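To begin, one chain is listed below as structure tokens, in the form deposited in one PDB entry.
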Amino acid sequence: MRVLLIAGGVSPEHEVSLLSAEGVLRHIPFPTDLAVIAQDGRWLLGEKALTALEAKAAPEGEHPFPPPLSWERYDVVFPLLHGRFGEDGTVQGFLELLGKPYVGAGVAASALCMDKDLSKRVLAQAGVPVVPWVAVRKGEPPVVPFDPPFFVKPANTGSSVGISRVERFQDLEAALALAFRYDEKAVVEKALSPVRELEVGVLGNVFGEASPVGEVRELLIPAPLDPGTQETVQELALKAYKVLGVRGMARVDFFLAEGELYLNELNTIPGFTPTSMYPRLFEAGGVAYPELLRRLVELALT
């Protein structure tokens, strides 16, 4: 068993990905080589990759896509890339064509969890509560059924880029133009205030298992929630996970306001440093970091 870890990426989460890679490389219980996608889209192999890792950021790459990589030398690929060209299903589509088993959600799941509008339409139809929202498409004026404040976001970007809180309708047009700077589609959802952010990890292929619930405020593991609400969080996370057909893992984020839960999004490739929420959550669930990585690889083969 030899594993290929791909880190970096052209997205803003480029340095975070390399951090996660540092953590995975030191604990994965399998011979593993690193491949880095520089911020310019080019790749770095072997030594140059490890050198880039130490630098904690690789602005320039050597080989343009597709790289002269010896794919036959690996049994499983672990795409530890965040955001665009990472969790959207493109790298996965590539790996599919290479006939390479890999860690994480497949093309459909990735592309779908990544779209804030489509995933919401699917989850709402299945009975999973989501914040009231409306989709706005580049070129056609907005129609918002509820009143401000809103939160405007690009539908398929990530890393909070292009996101803004709108207090009045008069500021809506400018918020959409900002979001459209990154996407052809945007979402306008009700701004919850005050609100609490809860996060829960899921592991498995389609029918997964939830880890304990966490809260972002500093990460509070576990979250100070009453018995019933904690159960619903895990329950809703497993339901949405199954409906979307996610494979491998996912960190599901929820908002809690007025005692009500709303599933915000499913992150198919969450931060993976030994101190990130997903790993810490499962550590709390009795699954050590090395074992977590072992399971992901095992899941990729089934």
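C-alpha atoms forming the largest set that superposes within 1.5 Å between two forms make up the rigid core. Don't overthink the numbering: it's just position in the shown sequence, from 1.
From this point on, the text means the form deposited in another entry, which you will not see here.
With the rigid core aligned between the shown form and the other one, the listed residues 178, 195, 206, 108 include just one Cα displaced by at least 2 Å, namely that of 178. Once both forms are fitted on their core, a CA shift of 2 Å or more is seen for residue 150 between the shown form and the other one.
In this overlay on the rigid core, residue 136 has a C-alpha that sits 2 Å or more away from its partner position between the shown form and the other one.
With the core held fixed, residue 273 shows a CA shift of 2 Å or greater between the shown form and the other one.
In the other entry, the separation between the C-alpha atoms of residue 158 and residue 271 shrinks by 3 Å or more relative to the displayed form.
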